[PDB]
Structures are given as C-alpha cells and as structure tokens.
Amino acid sequence: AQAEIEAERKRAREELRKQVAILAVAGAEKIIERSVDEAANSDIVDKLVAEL
Amino acid sequence: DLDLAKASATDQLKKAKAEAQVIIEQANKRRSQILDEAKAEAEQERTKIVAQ
C-alpha cells in the first residue's frame with residue numbers, strides 16, 4: 001500500500017511537468033512569431049553563415 | 001479375558017488415531033480462518049490508507 005502511493009506521487013508529478021513543458025514551448029512559439037522583425041532575422045542568418 | 005483384553009486394548013489405539021487426526025484437522029481449519037480473516041481485514045487498512 002505504501003509503494004502504491006509512491007507510484008501515484010511520481011505519476012501525478014510527471015503529468016504536471018508535462019503540461020508546463022508543452023505550454024513553455026507553445027508560448028515561446030507565439031512570442032517568437034509576435035516579436036521577430038527584419039533586423040533579428042538578419043541577425044540570425046548572418047551568424048549562421050559564419051559557422052557554416 | 002486375556003483375549004478380550006488383547007482386543008479392547010487395540011480398540012483404544014484405533015480410537016486414538018481418529019481423535020488425533022480430528023483435532024489436527026480442526027487446528028488446520030482454525031488456521032485457515034485466522035489467515036483469511038486477517039487478510040480480509042488488513043485489506044481494509046490498505047484501501048483506506050490509499051484512498052486517504
């Protein structure tokens with residue numbers, strides 16, 4: 001009975017982590033799509049060509 | 001009387017083996033009742049601690 005409680009703790013914890021993780025990525029995506037502007041795009045490409 | 005003593009003596013051992021196995025069987029019955037009852041009642045403790 002004690003092990004059966006430890007398992008439930010671990011499992012609820014994992015679920016709660018899953019939700020926040022996928023919200024973190026979705027939010028970062030929305031922010032990105034909202035914040036980009038031409039100087040930043042050029043800043044990205046001009047860097048990647050240097051390590052190319 | 002020697003002969004009937006010979007007979008009625010072994011009478012007692014014939015009886016005694018039956019009354020031995022009867023009490024052994026009853027011991028085993030009480031064993032199984034003890035075990036099944038303790039199991040059934042400990043399961044309540046498990047379920048209540050888990051649900052809590």
# chains A, B, ... in the order shown; residues from 1 in each chain; ligands from 1
>>> residues_around(residues="segment 31-48 of chain B", least_positions_apart="4", cutoff="9 Å", atoms="only C-alpha atoms", output="ChimeraX atom specification")
/A:1-2 /B:26-27,52
>>> write_last_selection(atoms="C-alpha atoms", output="mmCIF file, in the first residue's frame")
data_model
loop_
_atom_site.group_PDB
_atom_site.id
_atom_site.type_symbol
_atom_site.label_atom_id
_atom_site.label_comp_id
_atom_site.auth_asym_id
_atom_site.auth_seq_id
_atom_site.Cartn_x
_atom_site.Cartn_y
_atom_site.Cartn_z
ATOM 1 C CA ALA A 1 0.000 0.000 0.000
ATOM 2 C CA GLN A 2 2.887 2.385 0.620
ATOM 3 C CA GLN B 26 -9.677 -28.682 13.365
ATOM 4 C CA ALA B 27 -6.358 -26.960 14.011
ATOM 5 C CA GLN B 52 -6.775 8.861 2.021
#
>>> closest_atom_pairs(of="chain A", to="chain B", cutoff="12 Å", atoms="only C-alpha atoms", output="Markdown table")
| residue | atom | partner | partner_atom | distance |
| --- | --- | --- | --- | --- |
| A:1 | CA | B:46 | CA | 5.4 |
| A:2 | CA | B:50 | CA | 7.8 |
| A:3 | CA | B:50 | CA | 9.9 |
| A:4 | CA | B:50 | CA | 7.5 |
| A:5 | CA | B:50 | CA | 6.5 |
| A:6 | CA | B:50 | CA | 10.2 |
| A:7 | CA | B:50 | CA | 11.2 |
| A:8 | CA | B:50 | CA | 9.8 |
| A:9 | CA | B:50 | CA | 11.5 |
>>> write_last_selection(atoms="C-alpha atoms", output="short mmCIF file (atom, residue, chain, number, x, y, z; two decimals), in the first residue's frame")
data_model
loop_
_atom_site.label_atom_id
_atom_site.label_comp_id
_atom_site.auth_asym_id
_atom_site.auth_seq_id
_atom_site.Cartn_x
_atom_site.Cartn_y
_atom_site.Cartn_z
CA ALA A 1 0.00 0.00 0.00
CA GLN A 2 2.89 2.39 0.62
CA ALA A 3 4.53 1.63 -2.72
CA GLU A 4 1.16 2.15 -4.40
CA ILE A 5 1.14 5.69 -3.00
CA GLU A 6 4.70 6.46 -4.02
CA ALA A 7 3.83 5.45 -7.57
CA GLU A 8 0.88 7.82 -7.62
CA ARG A 9 3.02 10.69 -6.39
#
